[PDB]
Each structure stands twice: as structure tokens, then as C-alpha cells.
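Worksheet: one structure, shown below.
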Amino acid sequence: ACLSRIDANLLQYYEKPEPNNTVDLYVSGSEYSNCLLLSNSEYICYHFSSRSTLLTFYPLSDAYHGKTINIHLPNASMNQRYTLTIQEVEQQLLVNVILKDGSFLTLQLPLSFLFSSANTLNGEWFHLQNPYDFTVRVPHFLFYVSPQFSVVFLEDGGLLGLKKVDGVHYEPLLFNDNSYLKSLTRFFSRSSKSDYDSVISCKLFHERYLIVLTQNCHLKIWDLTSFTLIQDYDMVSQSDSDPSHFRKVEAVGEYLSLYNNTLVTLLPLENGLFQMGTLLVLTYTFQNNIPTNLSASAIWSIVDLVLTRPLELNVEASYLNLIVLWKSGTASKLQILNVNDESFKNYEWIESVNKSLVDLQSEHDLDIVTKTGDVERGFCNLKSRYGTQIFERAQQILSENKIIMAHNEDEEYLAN
Amino acid sequence: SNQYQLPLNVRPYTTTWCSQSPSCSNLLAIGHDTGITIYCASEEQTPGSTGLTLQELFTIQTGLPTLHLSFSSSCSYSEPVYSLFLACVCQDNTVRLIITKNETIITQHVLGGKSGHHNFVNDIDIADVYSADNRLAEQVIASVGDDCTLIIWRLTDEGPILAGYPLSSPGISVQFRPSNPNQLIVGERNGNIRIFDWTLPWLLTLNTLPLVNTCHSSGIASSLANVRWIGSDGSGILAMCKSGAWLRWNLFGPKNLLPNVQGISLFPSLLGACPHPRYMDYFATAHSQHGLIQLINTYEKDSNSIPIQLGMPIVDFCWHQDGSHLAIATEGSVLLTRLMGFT
């Protein structure tokens with residue numbers, strides 16, 4: 001383990017577990033969250049709520065004094081954050097969201113407004129729109145390509161194009177699709193709820209090529225100049241073709257990321273295969289399958305992966321680095337795959353500590369410093385340790401469950 | 001229960017029986033804001049409910065507060081005249097030994113300033129050490145404070161010998177080992193527990209912090225309240241946290257790998273545990289703020305016994321040597337209460 005965990009609760013120093021400056025915008029976050037870097041060198045954070053009805057923004061480097069903005073949505077998005085995009089166009093956060101009813105919502109949030117004091121917003125910061133009939137063919141994945149262009153992926157397997165003409169209106173530019181004709185075979189139906197080989201991951205290469213990963217782990221490659229299927233690789237027929245079980249991916253997730261012209265793909269074989277080839281001209285060319293090192297049955301799920309330039313690790317022999325984030329319940333696992341050379345055959349897995357020192361010390365009773373004694377002493381201890389957001393959320397959960405402090409010295413309470 | 005009032009302007013800080021010396025075990029001292037008061041406990045006819053009453057004998061004036069108090073084995077009675085030796089701590093942050101004939105202080109030794117503790121003194125204890133010939137060779141006082149120091153103060157035939165020892169944290173209690181004055185125990189605020197041979201590194205250090213059973217989390221701050229030896233050979237060690245968590249270790253046979261037993265008082269114990277002089281497995285602990293006292297049995301015979309509940313805060317308490325009576329100083333009084341079961 002070459003890395004350690006440093007936990008940061010951006011409100012820890014302050015008594016109020018919420019910023020005084022919070023603004024609620026309304027249109028006529030504990031399920032997804034991410035950061036995005038902007039023109040001004042500042043990081044903006046965003047959260048999409050459990051229901052996918054609330055979007056929240058706040059500045060990484062000024063969470064307490066800066067403004068957090070809650071944007072309320074009329075209904076949930078069709079398929080969670082997977083039907084949502086956020087990109088900085090020109091001094092604005094452009095946010096598009098296909099909603100459940102079929103609407104295509106556009107949000108325009110000026111950069112200024114995100115770092116201003118204002119609790120008001122002027123002008124058309126949102127546009128509703130119905131470009132296609134999503135009642136019949138339900139979409140599930142929205143992918144940004146450009147300020148005017150971005151594609152839609154459908155549950156049945158089809159791609160839709162979406163071209164912006166003026167500043168607001170969008171129109172379907174359909175792609176040629178003859179994949180459906182496998183319906184002719186006795187092994188597939190159009191009407192079947194199975195059989196769909198929908199896209200589960202997608203990346204844009206050199207502005208023009210659109211690399212898609214399907215539920216059956218096919219890598220298809222679309223040329224946006226042609227709007228034509230250029231490539232179709234079966235990722236699985238390379239390694240040991242197990243007739244027993246290849247788990248066709250049953251949800252959209254982060255199963256590939258590219259750096260320059262390299263491309264790693266996550267294939268499920270005991271949840272353990274990182275294929276990585278190279279792109280070049282368009283041609284994808286295999287190099288090696290790198291398994292994972294995971295035990296206790298292998299019950300970790302990919303959260304996010306990011307292929308990137310090498311780090312400063314204890315091994316100078318490095319060419320590329322894949323950062324990998326697994327999850328199993330609320331427990332997480334961070335690993336770095338180091339590839340040594342341009343052959344993807346020599347590599348090394350680097351693990352990290354997945355609990356902070358403070359937490360480990362508390363769990364393992366290795367804390368010698370924290371003052372002992374009084375019941376209220378323990379109160380100060382825990383309050384100071386955890387921060388007000390958590391401490392008050394915990395005191396909220398207590399009273400709901402009818403657990404109430406008997407007296408000053410209720411040790412049975414503190415235990416809880 | 002029988003209740004005996006302290007003088008109207010007397011605020012008690014500490015209460016201790018003279019169990020350390022059989023000649024004087026019916027003597028009770030109360031340290032207060034102007035000195036140390038001595039009472040005598042006698043078997044009246046009474047009803048044999050509480051067949052024990054308290055008679056106030058006298059008051060030793062010192063002119064300043066007394067926070068901790070310990071009789072020595074040197075105490076004696078004569079006809080009548082009481083010859084007393086008391087170790088205590090005063091408002092000037094000094095540690096003192098006062099030798100009296102009744103209320104009159106005939107002799108006084110004071111250890112303070114820079115030569116003394118350099119912060120607040122948290123605890124004191126005293127034992128008499130005799131030579132091979134068996135004259136009084138030394139009287140030894142041990143004390144611990146917030147200056148991260150343990151002080152051993154020996155008063156010998158050729159005069160005083162002073163020694164200081166550094167601590168990793170403030171000293172919160174200290175007590176010589178029963179039947180073996182060569183050994184003693186020192187408690188640090190941080191949970192460290194030292195066994196020490198002062199005649200001589202120091203022999204052993206246990207710690208209650210990492211041992212907390214955590215079936216019920218004892219909390220973030222579980223500052224060590226008290227550690228005391230138990231048994232008449234000092235065969236055991238008992239430690240109690242402010243949180244009420246307690247632990248017991250024995251010292252004999254074979255090899256050892258954990259504390260022998262562990263538990264938790266119903267309430268916090270600001271003053272710590274007061275082990276029974278006759279029943280090792282038993283000790284008393286107070287919820288000093290609401291004025292309740294729980295009685296705990298180490299081998300779980302107890303099942304939450306709370307023989308004492310006052311409607312008032314408890315300042316201090318201690319067992320009479322007989323093991324059935326309890327003396328308790330509250331903010332304005334001292335009670336003698338007899339638990340019928342221990343008779």
C-alpha cells in the first residue's frame with residue numbers, strides 16, 4: 001500500500017452544517033457526484049440526488065462561504081445521471097437532461113452566477129423540448145460530443161443523433177442500423193425483453209470517432225463523418241472462451257477510458273479483465289488482457305476508472321497508469337495498475353489504504369491521545385472528531401429511532 | 001442510615017477512614033477549606049440496624065483547603081491523647097505531612113514551589129517503611145500531578161530524600177502495594193498504569209484504553225479515573241474509567257495474555273472505585289453528581305446493586321474497615337450507612 005486515505009469534509013471547521021448562502025432554483029444529492037474543472041481554475045462539484053430530481057452545485061475550494069445551488073427538476077431523468085450531461089461551453093455550465101416523460105431539458109448556468117453572491121438568475125436558464133418520441137423507443141444513455149452535437153443511445157440498441165441548429169432546438173439525425181436483422185434468426189426477437197445489446201460505455205476519439213462498448217462486450221466503432229459502423233470487435237473471443245458464464249453487462253457503467261491512443265476496457269470474468277489495445281490509423285489492435293487481483297470471491301464493482309500519464313511510484317519502470325476505484329457496499333478500494341513498457345504484458349498492481357488513519361485508530365483502539373473520562377468529554381471528543389454535519393445527522397437518526405439521552409451521564413447513549 | 005452534620009461553614013473535599021492503622025481505624029478525617037476534622041465511630045446500643053454511630057472528636061485548623069487526605073500506619077492512641085500523622089494537599093499546590101497530638105499541630109513538613117510539583121497535584125498516598133531491626137526507618141509519601149511528574153518523598157532518620165520521575169502524561173492516582181511497600185502503582189490520565197519498585201526500568205505498564213470491550217463503545221474520551229490494588233497481599237489491580245468502565249487483573253502462576261475480567265458501571269465515576277477491604281470482588285462507585293452509589297461485583301454476582309441513593313451530590317466516600325458500613329461526605333455532611341448483607 002503506497003497510498004493513504006485523507007478524508008475531507010469541507011464544512012468541518014464550521015459550526016453550521018450548511019452554507020448560509022444556498023439558492024434553490026426551480027424548473028417548470030446522494031446518488032451521484034463529481035467534480036469538473038472550469039476556465040477559472042476552480043473546481044465545481046455537483047451531485048445528482050437519489051431520485052434524480054435534484055442537481056446540486058458547489059465550489060470545491062469555498063464550500064462554506066461560497067454558493068451552493070440546488071436546481072429542482074419537474075421529474076426524474078430517464079435513466080439517472082446516465083441521461084445527464086454537464087459541460088462548460090462558453091463561460092457557462094451547459095447541462096442537458098433527458099427526463100422520464102421524454103422531454104429534453106437544457107440548463108444554462110452562467111459561470112459568473114456560480115461564483116456570484118446573487119440568489120437570483122436572469123434570462124432563459126432552462127429550455128424544455130420534445131425532439132423525439134421516447135415513449136415508443138426508450139433511451140438510457142446520453143453522450144456529449146460537441147456544443148451542438150451529441151448522440152443518444154437506446155435500450156433496444158439503436159443510436160439517435162441530436163443536432164443543434166440555432167441555439168436551442170435539436171433534431172434527430174438517425175444512424176444506419178442493420179444490427180436489428182439478427183431478429184431473423186431463431187435466437188433473437190425484436191419483441192423480446194432480452195436480446196438487446198445496448199451500449200454500456202462510450203468515448204469520443206479525435207472528435208470524429210465514437211467508440212462504444214455493448215452489453216455483450218462488443219466494441220463497435222462509429223465514424224461520425226460517415227455516420228456508419230466502421231468497426232465491430234468481439235472483445236471476448238480473444239481470451240479463454242468460457243462457455244460457462246460471461247456476464248453480459250446489465251447496466252451502464254464506467255467500463256472503459258482512453259488516454260492518447262491507448263484504450264482499456266473492463267470485461268467481466270469473475271469481474272476481472274482489463275483488456276487494453278491501441279487505436280490507430282480506424283483500427284483497434286489488441287495487446288494483452290490484464291486480470292485483476294481481487295479475492296474474497298471478487299465482489300467489487302467498478303465505480304470509476306481513469307487511464308492517464310504515469311505517477312511518481314516506487315517503481316521507475318512505468319509507461320502508463322490506470323487508476324481504478326472499486327466498491328463493495330459502502331467500503332471502497334482504490335488501486336493503480338502500473339504498466340511498465342509499451343508492451344502491455346509487464347505490469348504491477350499497487351494497492352492503497354482504504355480507511356483514513358483517524359478511522360483505523362478509532363476501530364483498532366490505537367488512539368492514545370484523545371482525552372478520556374467524562375461522558376461530556378466523550379461528547380466533545382466525537383463532536384470535534386466527526387464534524388457538525390455528521391454529528392447532527394447522527395443525532396437526527398437517534399431521535400427518529402426514539403433513542404433519547406436519559407441524563408448527563410447516560411453511557412448507554414454515548415455507546416449508540 | 002445515620003447522618004452527622006459537618007460545621008455550617010465547612011465545605012468537604014475528601015473523606016477517608018484510617019484503615020491503614022488498626023490502632024486508629026475508627027478515626028475519620030474530613031479535609032475542608034480550613035483544615036482536617038477527626039470523628040470517632042462507635043458501636044452504640046442503637047438498634048442493630050445501624051449498630052454504629054459517629055462521634056465528632058475535634059477539628060484540626062490549617063487555614064487552607066484540604067483536597068486529598070491519607071492516614072499513615074504511625075497513628076496511635078493513648079490515655080486521652082491521639083498521636084496522628086496525615087499526608088495532604090493544600091491550596092498553595094504544596095504537598096504536606098502534618099504530625100499532631102489531637103487538634104494541635106506539633107509538627108509540619110512542606111514540599112512545594114519548584115522543588116515540589118510544577119502544576120496541580122492530583123493524588124497522594126503514604127506508607128511506613130521499617131528497617132531489618134524494625135525501628136521506624138522511613139515514612140514514604142508518593143504523589144502525582146499535572147506537571148507530568150511522580151514524586152517520591154522519603155523522610156528518613158538522617159532527613160528527607162526527594163526524588164522526581166517523569167510521566168508521559170498527568171498523574172491522576174497513586175497507591176503503594178499492600179503487604180509490599182517495595183512496590184507501588186501510579187495512574188496516568190491517558191490510561192497508562194505503572195507498577196514501580198522505588199527501591200531500585202520500572203517494572204510494568206498496563207493500559208485500559210485499548211482494552212475497552214467495545215461491545216458497547218465506551219466513547220471518545222474515557223479518561224482513567226482510578227487504579228487501586230485489591231487483596232491484603234495486593235494480589236490484584238483494578239482500574240476504572242470516568243466512563244464507568246472497569247477492568248481487573250490478578251498477580252500470583254502461568255503465563256498471562258489479557259486482563260482477567262472487565263465490565264461497566266451503570267454510571268460515570270468521577271471519583272473512581274473504592275474497593276471493599278474484605279471482599280476483593282466488590283467495589284463501590286458513585287454517580288457523584290446525582291448522588292447515587294452502585295455496588296459492583298467483579299464475577300457478576302452483582303446484577304446492578306444500588307444500595308445508596310441520596311437526593312444530593314456526593315463529594316466523596318469510603319468503606320469503614322468492617323466492610324458493612326459506609327461513610328460518605330456530601331457537600332454539607334457525612335453519612336454512615338449500614339448495608340445489612342455485609343454484616
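Chains: A, B, ... in order of the C-alpha cells. Residues: from 1 per chain. Ligands: from 1, in order shown.
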Per residue of chain A within 8 Å of chain B, note the shortest atom pair and the distance in Å to one decimal, counting only C-alpha atoms, and order the rows by chain and increasing residue number, as CSV.
```
residue,atom,partner,partner_atom,distance
A:364,CA,B:210,CA,7.9
A:365,CA,B:210,CA,4.8
A:366,CA,B:210,CA,6.5
A:367,CA,B:210,CA,7.8
A:368,CA,B:190,CA,6.8
A:369,CA,B:190,CA,7.2
A:370,CA,B:221,CA,6.1
A:371,CA,B:221,CA,4.8
A:372,CA,B:223,CA,2.7
A:373,CA,B:223,CA,3.1
A:374,CA,B:242,CA,5.3
A:375,CA,B:243,CA,6.1
A:377,CA,B:221,CA,5.3
A:378,CA,B:221,CA,4.1
A:379,CA,B:220,CA,7.3
A:381,CA,B:220,CA,5.3
A:382,CA,B:220,CA,5.8
A:409,CA,B:268,CA,5.9
A:410,CA,B:267,CA,6.9
A:411,CA,B:243,CA,6.8
A:412,CA,B:216,CA,7.5
A:414,CA,B:219,CA,6.1
A:415,CA,B:217,CA,4.5
A:416,CA,B:217,CA,7.5
```
Neighbours of residue 334 (chain A) within 7 Å (only C-alpha atoms; same-chain residues fewer than 4 positions away dropped), as a PDB file with N, CA, C and O atoms, in the first residue's frame?
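Final output, out.pdb:
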```
ATOM      1  N   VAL A 324      -8.055   2.965 -10.575  1.00  0.00           N
ATOM      2  CA  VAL A 324      -9.237   2.126 -10.517  1.00  0.00           C
ATOM      3  C   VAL A 324      -9.901   2.253  -9.163  1.00  0.00           C
ATOM      4  O   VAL A 324      -9.244   2.207  -8.122  1.00  0.00           O
ATOM      5  N   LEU A 325     -11.220   2.399  -9.189  1.00  0.00           N
ATOM      6  CA  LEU A 325     -11.979   2.558  -7.965  1.00  0.00           C
ATOM      7  C   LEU A 325     -13.064   1.494  -7.924  1.00  0.00           C
ATOM      8  O   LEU A 325     -14.023   1.547  -8.691  1.00  0.00           O
ATOM      9  N   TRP A 326     -12.911   0.540  -7.012  1.00  0.00           N
ATOM     10  CA  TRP A 326     -13.922  -0.481  -6.822  1.00  0.00           C
ATOM     11  C   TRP A 326     -14.778  -0.095  -5.631  1.00  0.00           C
ATOM     12  O   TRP A 326     -14.363   0.703  -4.780  1.00  0.00           O
ATOM     13  N   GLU A 351      -1.696  -1.231  -4.429  1.00  0.00           N
ATOM     14  CA  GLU A 351      -2.873  -1.091  -3.576  1.00  0.00           C
ATOM     15  C   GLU A 351      -2.749   0.172  -2.730  1.00  0.00           C
ATOM     16  O   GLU A 351      -1.720   0.841  -2.753  1.00  0.00           O
ATOM     17  N   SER A 352      -3.801   0.500  -1.989  1.00  0.00           N
ATOM     18  CA  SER A 352      -3.745   1.623  -1.058  1.00  0.00           C
ATOM     19  C   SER A 352      -4.583   1.357   0.181  1.00  0.00           C
ATOM     20  O   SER A 352      -5.385   0.424   0.212  1.00  0.00           O
ATOM     21  N   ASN A 354      -7.606   1.891   2.451  1.00  0.00           N
ATOM     22  CA  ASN A 354      -8.959   2.307   2.110  1.00  0.00           C
ATOM     23  C   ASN A 354      -9.754   2.768   3.318  1.00  0.00           C
ATOM     24  O   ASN A 354     -10.984   2.812   3.290  1.00  0.00           O
TER      25      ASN A 354
END
```
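For the residues B:50, B:70, B:26, B:115, ranking by smallest atom-to-atom distance to residue 142 (chain B) using only C-alpha atoms places B:70 first.
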Test item, strand (DSSP E) assignment across region 33-138 of chain A, answer as a PyMOL selection string: chain A and resi 33-37+43-48+54-59+68-72+84-88+92-98+104-110+126-127
Could you list, as a PyMOL selection string, every residue within 7 Å of residue 112 (chain B), counting only C-alpha atoms and ignoring same-chain residues fewer than 3 positions away? chain B and resi 93-95+115-117
Okay, now the selection with C-alpha atoms, as a PDB file, in the first residue's frame?
```pdb
ATOM      1  CA  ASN B  93      -0.008  23.451  45.413  1.00  0.00           C
ATOM      2  CA  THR B  94       2.180  22.067  48.158  1.00  0.00           C
ATOM      3  CA  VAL B  95       2.182  18.504  49.443  1.00  0.00           C
ATOM      4  CA  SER B 115      11.135  21.624  44.315  1.00  0.00           C
ATOM      5  CA  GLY B 116       7.537  20.389  44.542  1.00  0.00           C
ATOM      6  CA  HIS B 117       5.020  19.828  41.747  1.00  0.00           C
TER       7      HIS B 117
END
```
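Put simply, CA of residue 65 (chain A) is 11.9 Å away from CA of residue 13 (chain A).
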Near region 292-302 of chain A, within 12 Å and counting only C-alpha atoms, which residues show up once chain neighbours fewer than 6 positions away are dropped, as an MDAnalysis selection string? chainID A and resid 249 251:256 265:275 323:337 347:351
Residues within 12 Å of residue 59 (chain A), only C-alpha atoms, excluding chain neighbours under 6 positions, as a PyMOL selection string: chain A and resi 10+19+21-22+34-38+40-47+65-69+111+113-116
Per-residue nearest contacts of region 39-143 of chain B to region 294-316 of chain B (12 Å; only C-alpha atoms) as a tab-separated table:
```
residue	atom	partner	partner_atom	distance
B:67	CA	B:316	CA	10.7
B:68	CA	B:316	CA	10.4
B:69	CA	B:316	CA	11.4
```
Put those residues in a file: N, CA and C atoms, as an mmCIF file, in the first residue's frame.
```cif
data_model
loop_
_atom_site.group_PDB
_atom_site.id
_atom_site.type_symbol
_atom_site.label_atom_id
_atom_site.label_comp_id
_atom_site.auth_asym_id
_atom_site.auth_seq_id
_atom_site.Cartn_x
_atom_site.Cartn_y
_atom_site.Cartn_z
ATOM 1 N N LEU B 67 -7.547 18.829 50.005
ATOM 2 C CA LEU B 67 -8.182 18.212 48.840
ATOM 3 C C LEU B 67 -8.036 16.700 48.798
ATOM 4 N N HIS B 68 -6.980 16.209 49.429
ATOM 5 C CA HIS B 68 -6.685 14.791 49.467
ATOM 6 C C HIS B 68 -6.120 14.491 50.828
ATOM 7 N N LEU B 69 -6.334 13.277 51.317
ATOM 8 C CA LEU B 69 -6.039 13.021 52.706
ATOM 9 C C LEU B 69 -5.757 11.541 52.886
#
```
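Residues lying within 8 Å of region 131-139 of chain B, counting only C-alpha atoms and ignoring same-chain neighbours fewer than 2 positions away, are residues 126, 127, 128, 129, 141, 154, 155, 156 and 157 of chain B.
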Using DSSP assignments from the backbone, pull out every residue in region 232-390 of chain A that falls under helix (DSSP H, G or I) and give it to me as a CSV table (one decimal) with N, CA and C atoms, in the first residue's frame.
```csv
chain,number,residue,atom,x,y,z
A,235,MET,N,-14.8,-8.6,-28.1
A,235,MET,CA,-13.7,-8.5,-27.1
A,235,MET,C,-13.4,-9.8,-26.4
A,236,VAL,N,-14.5,-10.7,-26.3
A,236,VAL,CA,-14.3,-11.9,-25.5
A,236,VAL,C,-13.7,-13.1,-26.2
A,237,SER,N,-13.7,-13.1,-27.6
A,237,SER,CA,-13.2,-14.3,-28.3
A,237,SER,C,-11.7,-14.4,-28.4
A,357,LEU,N,-6.4,7.3,8.7
A,357,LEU,CA,-5.7,7.0,9.9
A,357,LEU,C,-6.7,7.1,11.1
A,358,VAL,N,-7.4,8.3,11.2
A,358,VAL,CA,-8.3,8.6,12.2
A,358,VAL,C,-9.3,7.4,12.4
A,359,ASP,N,-9.9,6.9,11.3
A,359,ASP,CA,-10.8,5.8,11.4
A,359,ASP,C,-10.2,4.5,11.8
A,360,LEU,N,-9.0,4.2,11.2
A,360,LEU,CA,-8.3,2.9,11.6
A,360,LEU,C,-8.0,2.9,13.1
A,361,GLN,N,-7.4,4.1,13.6
A,361,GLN,CA,-7.1,4.2,15.0
A,361,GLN,C,-8.3,4.1,15.9
A,362,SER,N,-9.5,4.6,15.4
A,362,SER,CA,-10.7,4.5,16.2
A,362,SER,C,-11.2,3.1,16.3
A,363,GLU,N,-11.2,2.4,15.1
A,363,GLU,CA,-11.6,1.0,15.0
A,363,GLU,C,-10.7,0.1,15.9
A,364,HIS,N,-9.4,0.2,15.8
A,364,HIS,CA,-8.5,-0.7,16.3
A,364,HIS,C,-7.9,-0.3,17.7
A,375,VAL,N,-18.5,11.7,30.4
A,375,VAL,CA,-19.4,11.4,29.3
A,375,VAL,C,-19.5,12.6,28.3
A,376,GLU,N,-19.5,13.8,28.8
A,376,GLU,CA,-19.5,15.0,28.0
A,376,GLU,C,-18.1,15.2,27.3
A,377,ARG,N,-17.1,14.7,28.0
A,377,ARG,CA,-15.8,14.7,27.4
A,377,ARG,C,-15.8,13.9,26.1
A,378,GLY,N,-16.4,12.7,26.2
A,378,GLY,CA,-16.6,11.9,25.0
A,378,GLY,C,-17.5,12.6,24.0
A,379,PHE,N,-18.4,13.4,24.4
A,379,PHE,CA,-19.2,14.2,23.6
A,379,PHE,C,-18.4,15.2,22.8
A,380,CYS,N,-17.6,16.0,23.4
A,380,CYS,CA,-16.7,16.9,22.8
A,380,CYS,C,-15.8,16.1,21.8
A,381,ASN,N,-15.3,15.0,22.3
A,381,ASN,CA,-14.4,14.2,21.5
A,381,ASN,C,-15.0,13.8,20.2
A,382,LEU,N,-16.2,13.3,20.2
A,382,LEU,CA,-16.9,12.8,19.0
A,382,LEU,C,-17.3,13.9,18.1
A,383,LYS,N,-17.9,15.0,18.7
A,383,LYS,CA,-18.3,16.2,18.0
A,383,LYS,C,-17.1,16.8,17.2
A,384,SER,N,-16.0,17.1,17.9
A,384,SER,CA,-14.8,17.5,17.3
A,384,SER,C,-14.2,16.6,16.2
A,385,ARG,N,-14.3,15.3,16.5
A,385,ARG,CA,-13.8,14.3,15.5
A,385,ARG,C,-14.5,14.3,14.2
A,386,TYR,N,-15.9,14.3,14.3
A,386,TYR,CA,-16.7,13.9,13.2
A,386,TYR,C,-17.2,15.2,12.4
A,388,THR,N,-19.9,18.8,12.4
A,388,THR,CA,-21.3,19.0,12.7
A,388,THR,C,-22.3,18.3,11.8
A,389,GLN,N,-21.9,18.2,10.5
A,389,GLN,CA,-22.9,17.6,9.5
A,389,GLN,C,-23.2,16.2,9.9
A,390,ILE,N,-22.2,15.4,10.2
A,390,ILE,CA,-22.3,14.0,10.6
A,390,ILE,C,-22.9,13.9,12.0
```
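If you measure from each of B:159, B:332, B:201, B:234 to residue 176 (chain B) using only C-alpha atoms, the closest one turns out to be B:234.
As for CA of residue 396 (chain A) and CA of residue 7 (chain A), they are spaced 22.5 Å apart.
Comparing the minimum interatomic distances between residue 171 (chain B) and each of B:325, B:276, B:255, B:194, counting only C-alpha atoms, we find that B:194 sits nearest.
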Could you give me, as a count of residues only, the residues within 7 Å of region 30-47 of chain B, counting only C-alpha atoms and dropping anything in the same chain fewer than 3 positions from it? 28
